[PDB]
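Trainee: Quick one: the structure is below, questions incoming.
Using ideal geometry, Cβ is built from the backbone for each residue, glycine included, and neighbour counts are taken over all protein chains shown. Please treat every number below as a calculation from the coordinates, not as lab data.
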Amino acid sequence: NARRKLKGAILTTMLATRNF
Amino acid sequence: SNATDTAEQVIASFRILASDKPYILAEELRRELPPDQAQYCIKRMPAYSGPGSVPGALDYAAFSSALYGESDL
């Protein structure tokens, strides 16, 4: 669970915080 | 594969944050990511040892493929 939660948050940061 | 496609999009994001270098640096992660996530990347990205490597170069491509891509090969 811990890795699943952490990687979901990183995915949001990398793909859904800038207009890349 | 679908996993590879997602990993490549993450790789492309790190590449932009790295100013199109083939590696990223800890200072760039701290600059751009939330502190907990920056620290995770600083701790867990494998060192980049390819052309142009420098001390502290971090392999965002290998990290992203392991975390999101077709990693069981």
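Trainee: Can you tell me how many residues in chain A are under 13 Å from B:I11 (Cα atoms) and not β-branched (V, I, T)?
Mentor: Of the residues in chain A, 4 are under 13 Å from B:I11 (Cα atoms) and not β-branched (V, I, T).
Trainee: Could you list all residues from the range B:41-56 that are farther than 18 Å from B:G69 by Cα and part of a helix (DSSP H, G or I)?
Mentor: Hits for the range B:41-56 are B:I42, B:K43.
Trainee: Go through the range B:15-24 and give me each residue that's surrounded by fewer than 16 Cβ atoms within 10 Å (Cβ to Cβ) and part of a helix (DSSP H, G or I).
Mentor: Hit for the range B:15-24 is B:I16, nothing else.
Trainee: Of the conditions (1) more than 15 Å from A:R18 (Cα to Cα); (2) surrounded by 13 or more Cβ atoms within 10 Å (Cβ to Cβ), B:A12 fails just one. Which one is it?
Mentor: (1)
Trainee: Being crowded, with 20+ Cβ neighbours inside 10 Å, more than 13 Å from chain A (Cβ to nearest Cβ), of a type outside the set (D, E) and over 21 Å from A:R18 (Cβ atoms) narrows it down to one of B:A57, B:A62, so name that one.
Mentor: The unique qualifying residue is B:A57.
Trainee: Which one of B:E27, B:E70 is away from chain A (no Cβ under 14 Å), more than 10 Å from the chain's Cα centre (by Cα) and not in a helix (DSSP H, G or I)?
Mentor: Numbers: B:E27 fails: not in a helix (DSSP H, G or I).
After ruling out the rest, the residue left standing is B:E70.
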